[PDB]
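Chemist: turn this into a model:
(8 chains, ligands or ions: 193)
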Amino acid sequence: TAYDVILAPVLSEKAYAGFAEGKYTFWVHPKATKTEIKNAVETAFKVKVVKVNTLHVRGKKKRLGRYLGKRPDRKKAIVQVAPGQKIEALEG
Amino acid sequence: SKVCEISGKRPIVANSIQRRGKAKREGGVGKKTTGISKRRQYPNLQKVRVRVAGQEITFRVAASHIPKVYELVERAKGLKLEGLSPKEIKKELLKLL
Amino acid sequence: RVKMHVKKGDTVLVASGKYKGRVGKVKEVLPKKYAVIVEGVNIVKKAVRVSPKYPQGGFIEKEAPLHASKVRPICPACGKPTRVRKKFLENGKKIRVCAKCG
Amino acid sequence: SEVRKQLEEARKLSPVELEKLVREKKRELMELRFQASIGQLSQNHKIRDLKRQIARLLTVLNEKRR
RNA sequence: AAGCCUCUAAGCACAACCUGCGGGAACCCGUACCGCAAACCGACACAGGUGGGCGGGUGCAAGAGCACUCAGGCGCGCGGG
RNA sequence: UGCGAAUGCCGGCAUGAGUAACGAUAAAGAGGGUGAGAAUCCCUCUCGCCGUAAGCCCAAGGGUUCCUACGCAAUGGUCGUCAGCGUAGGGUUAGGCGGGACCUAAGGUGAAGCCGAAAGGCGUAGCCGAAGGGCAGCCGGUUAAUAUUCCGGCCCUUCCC
RNA sequence: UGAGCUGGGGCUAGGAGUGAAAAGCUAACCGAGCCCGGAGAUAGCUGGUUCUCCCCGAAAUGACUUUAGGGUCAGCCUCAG
RNA sequence: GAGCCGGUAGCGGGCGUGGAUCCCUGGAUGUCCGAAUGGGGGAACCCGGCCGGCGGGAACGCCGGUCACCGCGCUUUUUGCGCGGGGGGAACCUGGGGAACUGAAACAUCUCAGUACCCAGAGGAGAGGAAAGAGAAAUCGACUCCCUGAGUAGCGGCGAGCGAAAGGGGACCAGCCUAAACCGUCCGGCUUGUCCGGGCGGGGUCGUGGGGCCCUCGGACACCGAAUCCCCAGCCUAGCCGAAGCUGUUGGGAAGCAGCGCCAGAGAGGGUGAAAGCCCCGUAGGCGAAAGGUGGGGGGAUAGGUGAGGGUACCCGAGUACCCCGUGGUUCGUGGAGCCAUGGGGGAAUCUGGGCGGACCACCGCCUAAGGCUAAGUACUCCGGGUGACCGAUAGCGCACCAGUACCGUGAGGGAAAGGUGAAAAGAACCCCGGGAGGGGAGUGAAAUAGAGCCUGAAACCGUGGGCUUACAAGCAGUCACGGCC
Ligand SMILES: [Mg+2]
Ligand SMILES: [Mg+2]
Ligand SMILES: [Mg+2]
Ligand SMILES: [Mg+2]
Ligand SMILES: [Mg+2]
Ligand SMILES: [Mg+2]
Ligand SMILES: [Mg+2]
Ligand SMILES: [Mg+2]
Ligand SMILES: [Mg+2]
Ligand SMILES: [Mg+2]
Ligand SMILES: [Mg+2]
Ligand SMILES: [Mg+2]
Ligand SMILES: [Mg+2]
Ligand SMILES: [Mg+2]
Ligand SMILES: [Mg+2]
Ligand SMILES: [Mg+2]
Ligand SMILES: [Mg+2]
Ligand SMILES: [Mg+2]
Ligand SMILES: [Mg+2]
Ligand SMILES: [Mg+2]
Ligand SMILES: [Mg+2]
Ligand SMILES: [Mg+2]
Ligand SMILES: [Mg+2]
Ligand SMILES: [Mg+2]
Ligand SMILES: [Mg+2]
Ligand SMILES: [Mg+2]
Ligand SMILES: [Mg+2]
Ligand SMILES: [Mg+2]
Ligand SMILES: [Mg+2]
Ligand SMILES: [Mg+2]
Ligand SMILES: [Mg+2]
Ligand SMILES: [Mg+2]
Ligand SMILES: [Mg+2]
Ligand SMILES: [Mg+2]
Ligand SMILES: [Mg+2]
Ligand SMILES: [Mg+2]
Ligand SMILES: [Mg+2]
Ligand SMILES: [Mg+2]
Ligand SMILES: [Mg+2]
Ligand SMILES: [Mg+2]
Ligand SMILES: [Mg+2]
Ligand SMILES: [Mg+2]
Ligand SMILES: [Mg+2]
Ligand SMILES: [Mg+2]
Ligand SMILES: [Mg+2]
Ligand SMILES: [Mg+2]
Ligand SMILES: [Mg+2]
Ligand SMILES: [Mg+2]
Ligand SMILES: [Mg+2]
Ligand SMILES: [Mg+2]
Ligand SMILES: [Mg+2]
Ligand SMILES: [Mg+2]
Ligand SMILES: [Mg+2]
Ligand SMILES: [Mg+2]
Ligand SMILES: [Mg+2]
Ligand SMILES: [Mg+2]
Ligand SMILES: [Mg+2]
Ligand SMILES: [Mg+2]
Ligand SMILES: [Mg+2]
Ligand SMILES: [Mg+2]
Ligand SMILES: [Mg+2]
Ligand SMILES: [Mg+2]
Ligand SMILES: [Mg+2]
Ligand SMILES: [Mg+2]
Ligand SMILES: [Mg+2]
Ligand SMILES: [Mg+2]
Ligand SMILES: [Mg+2]
Ligand SMILES: [Mg+2]
Ligand SMILES: [Mg+2]
Ligand SMILES: [Mg+2]
Ligand SMILES: [Mg+2]
Ligand SMILES: [Mg+2]
Ligand SMILES: [Mg+2]
Ligand SMILES: [Mg+2]
Ligand SMILES: [Mg+2]
Ligand SMILES: [Mg+2]
Ligand SMILES: [Mg+2]
Ligand SMILES: [Mg+2]
Ligand SMILES: [Mg+2]
Ligand SMILES: [Mg+2]
Ligand SMILES: [Mg+2]
Ligand SMILES: [Mg+2]
Ligand SMILES: [Mg+2]
Ligand SMILES: [Mg+2]
Ligand SMILES: [Mg+2]
Ligand SMILES: [Mg+2]
Ligand SMILES: [Mg+2]
Ligand SMILES: [Mg+2]
Ligand SMILES: [Mg+2]
Ligand SMILES: [Mg+2]
Ligand SMILES: [Mg+2]
Ligand SMILES: [Mg+2]
Ligand SMILES: [Mg+2]
Ligand SMILES: [Mg+2]
Ligand SMILES: [Mg+2]
Ligand SMILES: [Mg+2]
Ligand SMILES: [Mg+2]
Ligand SMILES: [Mg+2]
Ligand SMILES: [Mg+2]
Ligand SMILES: [Mg+2]
Ligand SMILES: [Mg+2]
Ligand SMILES: [Mg+2]
Ligand SMILES: [Mg+2]
Ligand SMILES: [Mg+2]
Ligand SMILES: [Mg+2]
Ligand SMILES: [Mg+2]
Ligand SMILES: [Mg+2]
Ligand SMILES: [Mg+2]
Ligand SMILES: [Mg+2]
Ligand SMILES: [Mg+2]
Ligand SMILES: [Mg+2]
Ligand SMILES: [Mg+2]
Ligand SMILES: [Mg+2]
Ligand SMILES: [Mg+2]
Ligand SMILES: [Mg+2]
Ligand SMILES: [Mg+2]
Ligand SMILES: [Mg+2]
Ligand SMILES: [Mg+2]
Ligand SMILES: [Mg+2]
Ligand SMILES: [Mg+2]
Ligand SMILES: [Mg+2]
Ligand SMILES: [Mg+2]
Ligand SMILES: [Mg+2]
Ligand SMILES: [Mg+2]
Ligand SMILES: [Mg+2]
Ligand SMILES: [Mg+2]
Ligand SMILES: [Mg+2]
Ligand SMILES: [Mg+2]
Ligand SMILES: [Mg+2]
Ligand SMILES: [Mg+2]
Ligand SMILES: [Mg+2]
Ligand SMILES: [Mg+2]
Ligand SMILES: [Mg+2]
Ligand SMILES: [Mg+2]
Ligand SMILES: [Mg+2]
Ligand SMILES: [Mg+2]
Ligand SMILES: [Mg+2]
Ligand SMILES: [Mg+2]
Ligand SMILES: [Mg+2]
Ligand SMILES: [Mg+2]
Ligand SMILES: [Mg+2]
Ligand SMILES: [Mg+2]
Ligand SMILES: [Mg+2]
Ligand SMILES: [Mg+2]
Ligand SMILES: [Mg+2]
Ligand SMILES: [Mg+2]
Ligand SMILES: [Mg+2]
Ligand SMILES: [Mg+2]
Ligand SMILES: [Mg+2]
Ligand SMILES: [Mg+2]
Ligand SMILES: [Mg+2]
Ligand SMILES: [Mg+2]
Ligand SMILES: [Mg+2]
Ligand SMILES: [Mg+2]
Ligand SMILES: [Mg+2]
Ligand SMILES: [Mg+2]
Ligand SMILES: [Mg+2]
Ligand SMILES: [Mg+2]
Ligand SMILES: [Mg+2]
Ligand SMILES: [Mg+2]
Ligand SMILES: [Mg+2]
Ligand SMILES: [Mg+2]
Ligand SMILES: [Mg+2]
Ligand SMILES: [Mg+2]
Ligand SMILES: [Mg+2]
Ligand SMILES: [Mg+2]
Ligand SMILES: [Mg+2]
Ligand SMILES: [Mg+2]
Ligand SMILES: [Mg+2]
Ligand SMILES: [Mg+2]
Ligand SMILES: [Mg+2]
Ligand SMILES: [Mg+2]
Ligand SMILES: [Mg+2]
Ligand SMILES: [Mg+2]
Ligand SMILES: [Mg+2]
Ligand SMILES: [Mg+2]
Ligand SMILES: [Mg+2]
Ligand SMILES: [Mg+2]
Ligand SMILES: [Mg+2]
Ligand SMILES: [Mg+2]
Ligand SMILES: [Mg+2]
Ligand SMILES: [Mg+2]
Ligand SMILES: [Mg+2]
Ligand SMILES: [Mg+2]
Ligand SMILES: [Mg+2]
Ligand SMILES: [Mg+2]
Ligand SMILES: [Mg+2]
Ligand SMILES: [Mg+2]
Ligand SMILES: [Mg+2]
Ligand SMILES: [Mg+2]
Ligand SMILES: [Mg+2]
Ligand SMILES: [Mg+2]
Ligand SMILES: [Mg+2]
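Modeler: Numbering: from 1, shown residues only, chains lettered A, B, ... in the order given. Ligands and ions are numbered 1, 2, ... in the order given. Dropping the coordinates below:
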């Protein structure tokens, strides 16, 4: 289920800029708690997590003619890997 | 809740009829009605404090069925519970079947 | 669910329409539109895609579907209605003369 | 088809082992996601199979506990 | 009313609470932008309405007044004759 | 089952009419740029108006309106190359800020209990209830867009052992 | 500086509330809010009532009527025998 | 039984005769809210206790499980355990409450009306139901429902108006359990007993009165038998088989016309380029369930049921009958006012007892109150189906179309518009003008004033062209004449 807490990497200039320091950002499950995301990343990428920052990302309203709807709400975690470590899976 | 705990008599609805004129059976042209309106008739509810086992029990009953409380008090047989012996004295001991 | 009386393999003859008479192998069956595509009713699509793959190319000549009713199956004879016969497993389409394909 | 085999393999195979196997496919899935995430680095139909395959183990796990 | 301090009761007093040091642990929600207004209440990019804080300088008896002005912001979403 | 009328009903199109008006009399001018197209977008200079504001920061309420790229059919009282508009992508980071694993206020709810044809109405404690009480973060740097939230420096709180 | 103004949180309402009293106000019309319903209330009043041809063709008086611009009987029109 | 990964093409991939998609049955999973039920709360959020697990894991967090309240029953008030309730449902049903407009051509009794509506409760139905009944016949026999009786009998400011029952004809069909006397038993109270009381069992259930107890006869294999259990048929929830035509011709297209045929337990109907019994789907006629539901039908069990005579006088439902006051129900509006119901007061009896036959009395009869259950015939239609001298997009549901939506309203609530190219997208490559839009050729088509603001395309309304006409004439605009010009 730890591979259920972590959904996908957030791919953006801002996100990439985070790699410089030990800071990797992920799309996580919206109900997932900071404490849960530590362990989730801890056991997913064999790393020591030290700080966890999260924030909700409201869905953007979009229409396709006549019918207007909304995209799913999301949650981003920016995770702080311990000094010297690295997620190689994201370094690409 | 203006209802007898023993007979179950509860308030009923009845008309108040205003009649006037001399009866026909008295050489009058007959009676005339100047109004009919609804009203309640409540049963003559009263308190009955009666000591049972070690406890004081209070029944809200129609004056008519007060005797029934004391008859229900005669039936005695092991019961050191709370102020809720009536729960036992009640229908449990009323007609049961 | 859309009975349908001819399959991919079958050898059908176009019983009516413009290609009345022609005989062909049904390439595709389309139960949703209740239609089959054989070798008759083919048309001229204006192939825009000058830009993507298929450059220059002005047109194309794909074969359009046919109301499934517009065709009939055949075998050592003309077209047939279909009769279904029970064996000792399950049934099979036999024409009103012999049998239909291996 | 290729599936009935896996179903037979899964059945008759401990719950602890089943949970192990699930946790595994669950991880593979995450990887399928990340590939798809960075686009052009995946081939759909696999995300569905696996997702649906993880369901099959979990339902057999259910039987074996029921 | 709690935090807080003190008092003692059951209990417990190789517990416990107090002080100091050390290591570790510290969750959920909000956070964009508008906000005297074209983004809020008034069918409108509506001369109306909307609570708290800051609100510089010079002069004028004083002042948040008046005139001119900093920072900053505007010439108001049809124009020409 | 026959419509011309019901200030009839629904719809369409007329007249007034190229008429009133284009929403504060704070105010405009030129050069250059972009572009199919420019009084209306960009830049420069000059001019004018606000300045206890028409500047700035909070709380409501609003809910993508935010930043950027590509766009002008419509929305914009004109025009638009521009936009708070269309498409797409990005953007909101907290033990210390606010609220909650704190407190109580009016009031609300309500074990006990009381009352009422039914629905239900009361009501002690308790509980809920805040812009009140309580409680530990100040100065800078950084992004197109967040920062007492990220970073840097210095500084504290509670919990567990 | 006061019977002052104002944010936030609350309570009171339809024959009811609230009112330093105007029958004021109770969501832009209050001598009794709004919504749905009884409901197609009732309207002796007003308006409207749709193809064609043929024959005949009135009344606006009398009686009574809480009746008087409404009716009942008669009078006058028409049809059948 | 050959195609499939919904509407939905496409990009990018996959699956299927080793039987996929799809359909039916059963199961699994089923976040959060909601009766909502650990506790809060501004529903879909927030915060916990206990046991167990996961992470380095005490602090933190997550996962599984468990914890609301009320009732009944056991049980030792202990403290637990078990069982159940709660909420929803188109209309239908019963109960508790209960209007007004209106009608009376005013209005109060009366009416509207026990309607609307509110509340509680029930279930596929609900109510009712086995005579303390009817009511004049020595009569009938539970209840419900229809027809009739009958707009009768009556009620009524005797106004407006309201309006029974018996009886007859039908549908359906059914009858049972208890309380008490008496007997046994367990238990509790005590002023200890052939005592009282509660709990269970037996007993008993009736109106030609029945039962208890005592005696006599003879009291049984039986005989009846479920509304309960069991089995089965049948039915519902997917399906399957299902006759008989080719050719020519006009045409874009045949099913039209023509030539010879054929089926019919099938000549209902709908498709296919136009008008098809015989091309497609069906139709007549048959067939079909592993699984779940049903099962009122057949079968089988079980519960249960069944005697005569004599004596005894033990029992036969109490704050009840009965009477009176206040009211409701009935057609009965106080009437000569009974009957059924009952808020208040008084207050019995147990077959020689009690109620009723419309005040009361007598006589003659009917029936056995104060406990309970009971299928079917009946009501409704959210739902599935079949039919139409039913609608056909201003109709028909508000909605043929992603409508209880957009939008309006603080809210309860209100509430629309909006269908159609073609047989087939063959939905117009390319070229020209243009920034696009749009158009012009080309091309598709039987048709392109069928080009997607697409079938037909009326009227108002706006244009372009042409004929006649008009700047010394004046009027409901027409009409009758003449004359010109086209
Ligand atoms: Mg946060
Ligand atoms: Mg009276
Ligand atoms: Mg007399
Ligand atoms: Mg009345
Ligand atoms: Mg008495
Ligand atoms: Mg045939
Ligand atoms: Mg098979
Ligand atoms: Mg406290
Ligand atoms: Mg001390
Ligand atoms: Mg001690
Ligand atoms: Mg420390
Ligand atoms: Mg730390
Ligand atoms: Mg921020
Ligand atoms: Mg900000
Ligand atoms: Mg602005
Ligand atoms: Mg601002
Ligand atoms: Mg202002
Ligand atoms: Mg301000
Ligand atoms: Mg501003
Ligand atoms: Mg403006
Ligand atoms: Mg304004
Ligand atoms: Mg505005
Ligand atoms: Mg003013
Ligand atoms: Mg102000
Ligand atoms: Mg100052
Ligand atoms: Mg100054
Ligand atoms: Mg000064
Ligand atoms: Mg001077
Ligand atoms: Mg001065
Ligand atoms: Mg100041
Ligand atoms: Mg000033
Ligand atoms: Mg300036
Ligand atoms: Mg302006
Ligand atoms: Mg007319
Ligand atoms: Mg009209
Ligand atoms: Mg239109
Ligand atoms: Mg004018
Ligand atoms: Mg003018
Ligand atoms: Mg003007
Ligand atoms: Mg102006
Ligand atoms: Mg220039
Ligand atoms: Mg240029
Ligand atoms: Mg200029
Ligand atoms: Mg310029
Ligand atoms: Mg300007
Ligand atoms: Mg806000
Ligand atoms: Mg937007
Ligand atoms: Mg912007
Ligand atoms: Mg731009
Ligand atoms: Mg535009
Ligand atoms: Mg424009
Ligand atoms: Mg414009
Ligand atoms: Mg405007
Ligand atoms: Mg441009
Ligand atoms: Mg935009
Ligand atoms: Mg910090
Ligand atoms: Mg701030
Ligand atoms: Mg806090
Ligand atoms: Mg905590
Ligand atoms: Mg509190
Ligand atoms: Mg209360
Ligand atoms: Mg209550
Ligand atoms: Mg209650
Ligand atoms: Mg709290
Ligand atoms: Mg506070
Ligand atoms: Mg505070
Ligand atoms: Mg704080
Ligand atoms: Mg500091
Ligand atoms: Mg900013
Ligand atoms: Mg800063
Ligand atoms: Mg810092
Ligand atoms: Mg004061
Ligand atoms: Mg105030
Ligand atoms: Mg009122
Ligand atoms: Mg008042
Ligand atoms: Mg006042
Ligand atoms: Mg007002
Ligand atoms: Mg009515
Ligand atoms: Mg009236
Ligand atoms: Mg005539
Ligand atoms: Mg004449
Ligand atoms: Mg009149
Ligand atoms: Mg007359
Ligand atoms: Mg004659
Ligand atoms: Mg799809
Ligand atoms: Mg494909
Ligand atoms: Mg293949
Ligand atoms: Mg099979
Ligand atoms: Mg299923
Ligand atoms: Mg299931
Ligand atoms: Mg809860
Ligand atoms: Mg634990
Ligand atoms: Mg849990
Ligand atoms: Mg129930
Ligand atoms: Mg219910
Ligand atoms: Mg309820
Ligand atoms: Mg009732
Ligand atoms: Mg009722
Ligand atoms: Mg009730
Ligand atoms: Mg009633
Ligand atoms: Mg009335
Ligand atoms: Mg009438
Ligand atoms: Mg009247
Ligand atoms: Mg009248
Ligand atoms: Mg009147
Ligand atoms: Mg009545
Ligand atoms: Mg109900
Ligand atoms: Mg039935
Ligand atoms: Mg029934
Ligand atoms: Mg019953
Ligand atoms: Mg009986
Ligand atoms: Mg009888
Ligand atoms: Mg009389
Ligand atoms: Mg009546
Ligand atoms: Mg009868
Ligand atoms: Mg009969
Ligand atoms: Mg019978
Ligand atoms: Mg005894
Ligand atoms: Mg007994
Ligand atoms: Mg018995
Ligand atoms: Mg018995
Ligand atoms: Mg006897
Ligand atoms: Mg067939
Ligand atoms: Mg056939
Ligand atoms: Mg030809
Ligand atoms: Mg032919
Ligand atoms: Mg022929
Ligand atoms: Mg037939
Ligand atoms: Mg045609
Ligand atoms: Mg046709
Ligand atoms: Mg024909
Ligand atoms: Mg014909
Ligand atoms: Mg046919
Ligand atoms: Mg023929
Ligand atoms: Mg059949
Ligand atoms: Mg079969
Ligand atoms: Mg069958
Ligand atoms: Mg079965
Ligand atoms: Mg049977
Ligand atoms: Mg049987
Ligand atoms: Mg037996
Ligand atoms: Mg005997
Ligand atoms: Mg005897
Ligand atoms: Mg009896
Ligand atoms: Mg009597
Ligand atoms: Mg009497
Ligand atoms: Mg009476
Ligand atoms: Mg009465
Ligand atoms: Mg009277
Ligand atoms: Mg009378
Ligand atoms: Mg009477
Ligand atoms: Mg009466
Ligand atoms: Mg009598
Ligand atoms: Mg009576
Ligand atoms: Mg009584
Ligand atoms: Mg007698
Ligand atoms: Mg009688
Ligand atoms: Mg008599
Ligand atoms: Mg009397
Ligand atoms: Mg009788
Ligand atoms: Mg009985
Ligand atoms: Mg029943
Ligand atoms: Mg239906
Ligand atoms: Mg038709
Ligand atoms: Mg329409
Ligand atoms: Mg319609
Ligand atoms: Mg039409
Ligand atoms: Mg409907
Ligand atoms: Mg409509
Ligand atoms: Mg819809
Ligand atoms: Mg609105
Ligand atoms: Mg709204
Ligand atoms: Mg159309
Ligand atoms: Mg079509
Ligand atoms: Mg067609
Ligand atoms: Mg060009
Ligand atoms: Mg063209
Ligand atoms: Mg052409
Ligand atoms: Mg052609
Ligand atoms: Mg043509
Ligand atoms: Mg053309
Ligand atoms: Mg045409
Ligand atoms: Mg057209
Ligand atoms: Mg056409
Ligand atoms: Mg059109
Ligand atoms: Mg057509
Ligand atoms: Mg057209
Ligand atoms: Mg012209
Ligand atoms: Mg002259
Ligand atoms: Mg002249
Ligand atoms: Mg003139
Ligand atoms: Mg004239
Ligand atoms: Mg002439």
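Chemist: would stretch A:21-36 count as contacting chain D?
Modeler: No: using Cβ under 8 Å from any Cβ of the partner chain, stretch A:21-36 never reaches chain D; the gap is at least 8.6 Å. C-beta: built from backbone N, CA, C; applies to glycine.
Chemist: from the chain's centroid, how far away is that stretch?
Modeler: 5 Å (Cα atoms, centre = their mean, to the nearest Å).
Chemist: please enumerate the strands of chain B.
Modeler: Counting by DSSP state E, one finds strands in chain B at the ranges B:12-20, B:32-41, B:45-52, B:55-62.
Chemist: TSV please, covering the ones you listed and showing mean neighbour count.
Modeler: Formatted as TSV, the strands of chain B follow (neighbours: other Cβ atoms under 10 Å in any protein chain shown):
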stretch	mean neighbour count
strand B:12-20	10
strand B:32-41	9
strand B:45-52	13
strand B:55-62	17
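Chemist: quick one: closest of the ones you listed to residue A:79.
Modeler: Evaluated over the strands of chain B, closeness to residue A:79 peaks at strand B:55-62, with 67.5 Å, by Cβ to Cβ.
Chemist: secondary structure class for residue A:47?
Modeler: The three-state label given to residue A:47 by DSSP: H, G, I helix; E, B strand; the rest coil is coil.
Chemist: wait, doesn't it sit right on residue A:80?
Modeler: No: checked against Cβ atoms under 8 Å, the pair residue A:47 and residue A:80 is beyond contact range at 10.1 Å.
Chemist: list phi and psi for residue A:9.
Modeler: Dihedral pair for residue A:9: phi -80, psi 140, per degrees, to the nearest 10.
Chemist: how many neighbours does it have?
Modeler: 20 (other Cβ atoms under 10 Å in any protein chain shown).
Chemist: what sits against it?
Modeler: A:15, A:24, A:25, A:26, A:27, A:89, A:90, D:34, D:37, D:38 (Cβ atoms under 8 Å, 6 or more residues apart in numbering or on different chains).
Chemist: in JSON lines, list the strands of chain B along with distance to chain A.
Modeler: Converted to JSON lines, these look like this (distance: least, Cβ to the nearest Cβ, whole Å):
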{"stretch": "strand B:12-20", "distance to chain A": "57"}
{"stretch": "strand B:32-41", "distance to chain A": "58"}
{"stretch": "strand B:45-52", "distance to chain A": "58"}
{"stretch": "strand B:55-62", "distance to chain A": "54"}
